[PDB]
$ cat entry.cif   # mmCIF, C-alpha atoms and all ligand atoms; chains and numbers go by the auth columns
data_final
loop_
_atom_site.group_PDB
_atom_site.id
_atom_site.type_symbol
_atom_site.label_atom_id
_atom_site.label_comp_id
_atom_site.label_asym_id
_atom_site.label_seq_id
_atom_site.Cartn_x
_atom_site.Cartn_y
_atom_site.Cartn_z
_atom_site.B_iso_or_equiv
_atom_site.auth_seq_id
_atom_site.auth_asym_id
ATOM 1 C CA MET A 1 0.000 0.000 0.000 0.00 1 A
ATOM 2 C CA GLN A 2 0.926 3.682 -0.078 0.00 2 A
ATOM 3 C CA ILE A 3 0.341 6.344 2.572 0.00 3 A
ATOM 4 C CA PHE A 4 0.855 10.103 2.662 0.00 4 A
ATOM 5 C CA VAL A 5 3.028 12.050 5.082 0.00 5 A
ATOM 6 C CA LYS A 6 2.152 15.724 5.497 0.00 6 A
ATOM 7 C CA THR A 7 4.836 18.162 6.643 0.00 7 A
ATOM 8 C CA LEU A 8 4.143 21.334 8.631 0.00 8 A
ATOM 9 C CA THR A 9 4.597 23.545 5.565 0.00 9 A
ATOM 10 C CA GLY A 10 1.608 21.815 3.981 0.00 10 A
ATOM 11 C CA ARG A 11 3.696 19.711 1.616 0.00 11 A
ATOM 12 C CA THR A 12 2.722 16.072 1.104 0.00 12 A
ATOM 13 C CA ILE A 13 4.971 13.090 0.405 0.00 13 A
ATOM 14 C CA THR A 14 3.841 9.564 -0.508 0.00 14 A
ATOM 15 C CA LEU A 15 5.454 6.381 0.817 0.00 15 A
ATOM 16 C CA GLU A 16 5.343 2.756 -0.339 0.00 16 A
ATOM 17 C CA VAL A 17 4.798 0.967 2.976 0.00 17 A
ATOM 18 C CA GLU A 18 3.535 -2.430 4.138 0.00 18 A
ATOM 19 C CA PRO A 19 1.334 -2.832 7.263 0.00 19 A
ATOM 20 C CA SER A 20 3.979 -5.073 8.853 0.00 20 A
ATOM 21 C CA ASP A 21 6.511 -2.235 8.709 0.00 21 A
ATOM 22 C CA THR A 22 7.431 -0.656 12.034 0.00 22 A
ATOM 23 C CA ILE A 23 7.224 3.110 12.647 0.00 23 A
ATOM 24 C CA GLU A 24 11.034 3.005 12.772 0.00 24 A
ATOM 25 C CA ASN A 25 11.007 1.743 9.189 0.00 25 A
ATOM 26 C CA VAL A 26 8.635 4.531 8.153 0.00 26 A
ATOM 27 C CA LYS A 27 10.892 7.278 9.509 0.00 27 A
ATOM 28 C CA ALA A 28 13.675 5.638 7.500 0.00 28 A
ATOM 29 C CA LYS A 29 11.499 5.744 4.379 0.00 29 A
ATOM 30 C CA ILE A 30 11.090 9.458 5.048 0.00 30 A
ATOM 31 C CA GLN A 31 14.859 9.740 5.527 0.00 31 A
ATOM 32 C CA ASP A 32 15.361 8.253 2.061 0.00 32 A
ATOM 33 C CA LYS A 33 13.414 11.045 0.359 0.00 33 A
ATOM 34 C CA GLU A 34 13.713 14.008 2.744 0.00 34 A
ATOM 35 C CA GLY A 35 17.197 13.316 4.112 0.00 35 A
ATOM 36 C CA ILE A 36 16.423 13.968 7.770 0.00 36 A
ATOM 37 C CA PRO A 37 17.619 11.754 10.674 0.00 37 A
ATOM 38 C CA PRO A 38 14.779 9.576 12.100 0.00 38 A
ATOM 39 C CA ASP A 39 15.492 10.839 15.632 0.00 39 A
ATOM 40 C CA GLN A 40 14.977 14.496 14.727 0.00 40 A
ATOM 41 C CA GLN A 41 11.607 13.649 13.171 0.00 41 A
ATOM 42 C CA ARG A 42 8.357 12.548 14.818 0.00 42 A
ATOM 43 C CA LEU A 43 5.070 11.351 13.333 0.00 43 A
ATOM 44 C CA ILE A 44 1.557 12.277 14.445 0.00 44 A
ATOM 45 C CA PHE A 45 -1.571 10.217 13.816 0.00 45 A
ATOM 46 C CA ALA A 46 -5.028 10.656 15.368 0.00 46 A
ATOM 47 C CA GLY A 47 -3.685 13.523 17.469 0.00 47 A
ATOM 48 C CA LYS A 48 -1.074 11.272 19.072 0.00 48 A
ATOM 49 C CA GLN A 49 2.662 10.761 18.589 0.00 49 A
ATOM 50 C CA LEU A 50 3.747 7.483 16.995 0.00 50 A
ATOM 51 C CA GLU A 51 6.301 5.323 18.817 0.00 51 A
ATOM 52 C CA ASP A 52 9.062 3.667 16.774 0.00 52 A
ATOM 53 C CA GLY A 53 8.407 0.298 18.404 0.00 53 A
ATOM 54 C CA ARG A 54 4.916 -0.540 17.172 0.00 54 A
ATOM 55 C CA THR A 55 3.892 -1.197 13.571 0.00 55 A
ATOM 56 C CA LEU A 56 1.264 0.471 11.389 0.00 56 A
ATOM 57 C CA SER A 57 -1.110 -2.471 11.787 0.00 57 A
ATOM 58 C CA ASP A 58 -1.032 -1.841 15.542 0.00 58 A
ATOM 59 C CA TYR A 59 -1.963 1.811 14.930 0.00 59 A
ATOM 60 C CA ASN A 60 -4.630 0.850 12.369 0.00 60 A
ATOM 61 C CA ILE A 61 -2.897 2.748 9.565 0.00 61 A
ATOM 62 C CA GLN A 62 -4.595 1.787 6.299 0.00 62 A
ATOM 63 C CA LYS A 63 -4.063 2.430 2.577 0.00 63 A
ATOM 64 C CA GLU A 64 -3.942 6.109 1.556 0.00 64 A
ATOM 65 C CA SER A 65 -3.931 7.335 5.162 0.00 65 A
ATOM 66 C CA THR A 66 -2.364 10.624 6.246 0.00 66 A
ATOM 67 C CA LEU A 67 0.436 11.132 8.771 0.00 67 A
ATOM 68 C CA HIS A 68 1.770 14.454 10.065 0.00 68 A
ATOM 69 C CA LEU A 69 5.525 15.047 10.234 0.00 69 A
ATOM 70 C CA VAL A 70 7.105 17.459 12.718 0.00 70 A
ATOM 71 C CA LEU A 71 10.828 18.252 12.879 0.00 71 A
ATOM 72 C CA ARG A 72 12.721 19.359 15.986 0.00 72 A
ATOM 73 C CA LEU A 73 16.502 19.745 15.938 0.00 73 A
ATOM 74 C CA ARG A 74 18.414 19.068 19.160 0.00 74 A
ATOM 75 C CA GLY A 75 18.800 22.292 21.134 0.00 75 A
ATOM 76 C CA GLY A 76 21.472 20.797 23.367 0.00 76 A
ATOM 77 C CA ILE B 1 -11.305 18.449 26.759 0.00 6 B
ATOM 78 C CA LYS B 2 -8.002 18.216 24.872 0.00 7 B
ATOM 79 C CA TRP B 3 -7.558 20.729 22.053 0.00 8 B
ATOM 80 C CA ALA B 4 -5.989 19.862 18.700 0.00 9 B
ATOM 81 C CA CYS B 5 -3.411 22.154 17.091 0.00 10 B
ATOM 82 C CA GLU B 6 -4.058 23.985 13.811 0.00 11 B
ATOM 83 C CA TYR B 7 -0.754 23.074 12.156 0.00 12 B
ATOM 84 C CA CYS B 8 -0.312 19.507 13.397 0.00 13 B
ATOM 85 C CA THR B 9 -3.001 17.067 14.516 0.00 14 B
ATOM 86 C CA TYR B 10 -1.522 16.600 18.015 0.00 15 B
ATOM 87 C CA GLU B 11 -4.084 17.052 20.794 0.00 16 B
ATOM 88 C CA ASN B 12 -2.742 19.027 23.751 0.00 17 B
ATOM 89 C CA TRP B 13 -3.810 19.679 27.332 0.00 18 B
ATOM 90 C CA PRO B 14 -6.147 22.614 28.178 0.00 19 B
ATOM 91 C CA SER B 15 -3.482 24.184 30.415 0.00 20 B
ATOM 92 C CA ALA B 16 -0.970 24.381 27.559 0.00 21 B
ATOM 93 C CA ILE B 17 -0.797 27.758 25.806 0.00 22 B
ATOM 94 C CA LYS B 18 1.410 26.219 23.122 0.00 23 B
ATOM 95 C CA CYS B 19 1.468 22.795 21.488 0.00 24 B
ATOM 96 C CA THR B 20 4.280 20.581 22.747 0.00 25 B
ATOM 97 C CA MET B 21 5.015 19.211 19.279 0.00 26 B
ATOM 98 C CA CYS B 22 5.345 21.858 16.545 0.00 27 B
ATOM 99 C CA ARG B 23 5.579 24.734 19.035 0.00 28 B
ATOM 100 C CA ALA B 24 2.587 26.541 17.527 0.00 29 B
ATOM 101 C CA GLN B 25 0.364 28.952 19.452 0.00 30 B
ATOM 102 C CA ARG B 26 -3.069 28.427 21.024 0.00 31 B
ATOM 103 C CA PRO B 27 -5.872 28.953 18.466 0.00 32 B
ATOM 104 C CA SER B 28 -8.371 31.787 18.957 0.00 33 B
HETATM 105 ZN ZN ZN C . 1.079 21.436 16.817 0.00 101 A
#
$ encode --input "entry.cif" --output "structure tokens"
Amino acid sequence: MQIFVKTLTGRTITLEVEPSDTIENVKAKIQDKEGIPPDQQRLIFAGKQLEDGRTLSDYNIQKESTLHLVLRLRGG
Amino acid sequence: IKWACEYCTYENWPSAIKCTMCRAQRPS
């Protein structure tokens, strides 16, 4: 399946993901296209932050769903 | 009665004047 990740600027990127993929894998998929380290990025779905441990199937992410991407660089 | 931010979906606590996630401001 494919899902859509929506940045804060309003830009939308599409990702070829399988339900068995972990959130960790998703942030790596984002890293492939955007070039940002998976630890400086965080994903939001259903008003909650997604943890790298669980998979999409655990979070009920389905085909053509929308995730929100927020970036925060380490301030020390 | 958690409020959701305008710029990201994240629902925050009523006491928070700013979202914890994208550091946006409280909506009018
Ligand atoms: Zn926000």
$ resolve_selection --input "entry.cif" --expression "the PyMOL selection byres ((chain A and not hetatm) within 10 of (chain B))" --output "PyMOL selection string"
chain A and resi 6-10+42-49+67-72
$ atom_distance --input "entry.cif" --atom1 "atom CA of residue 16 of chain A" --atom2 "atom CA of residue 74 of chain A"
28.6 Å
$ resolve_selection --input "entry.cif" --expression "the PyMOL selection byres (((chain A and resi 54-59) around 10) and not hetatm)" --output "list in words"
residues 17, 18, 19, 20, 21, 22, 23, 24, 25, 26, 45, 46, 50, 51, 52, 53, 60, 61 and 62 of chain A
$ atom_distance --input "entry.cif" --atom1 "atom CA of residue 15 of chain A" --atom2 "atom CA of residue 38 of chain A"
15.0 Å
$ atom_distance --input "entry.cif" --atom1 "atom CA of residue 1 of chain A" --atom2 "atom CA of residue 33 of chain A"
17.4 Å
$ residues_around --input "entry.cif" --residues "residue 36 of chain A" --least-positions-apart "5" --cutoff "9 Å" --atoms "only C-alpha atoms" --output "mmCIF file with C-alpha atoms, in the coordinates of the input"
data_model
loop_
_atom_site.group_PDB
_atom_site.id
_atom_site.type_symbol
_atom_site.label_atom_id
_atom_site.label_comp_id
_atom_site.auth_asym_id
_atom_site.auth_seq_id
_atom_site.Cartn_x
_atom_site.Cartn_y
_atom_site.Cartn_z
ATOM 1 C CA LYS A 27 10.892 7.278 9.509
ATOM 2 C CA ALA A 28 13.675 5.638 7.500
ATOM 3 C CA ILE A 30 11.090 9.458 5.048
ATOM 4 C CA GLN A 31 14.859 9.740 5.527
ATOM 5 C CA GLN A 41 11.607 13.649 13.171
ATOM 6 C CA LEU A 71 10.828 18.252 12.879
#
$ closest_residue --input "entry.cif" --among "A:3, A:11, A:34, A:29" --to "residue 65 of chain A" --atoms "only C-alpha atoms"
A:3
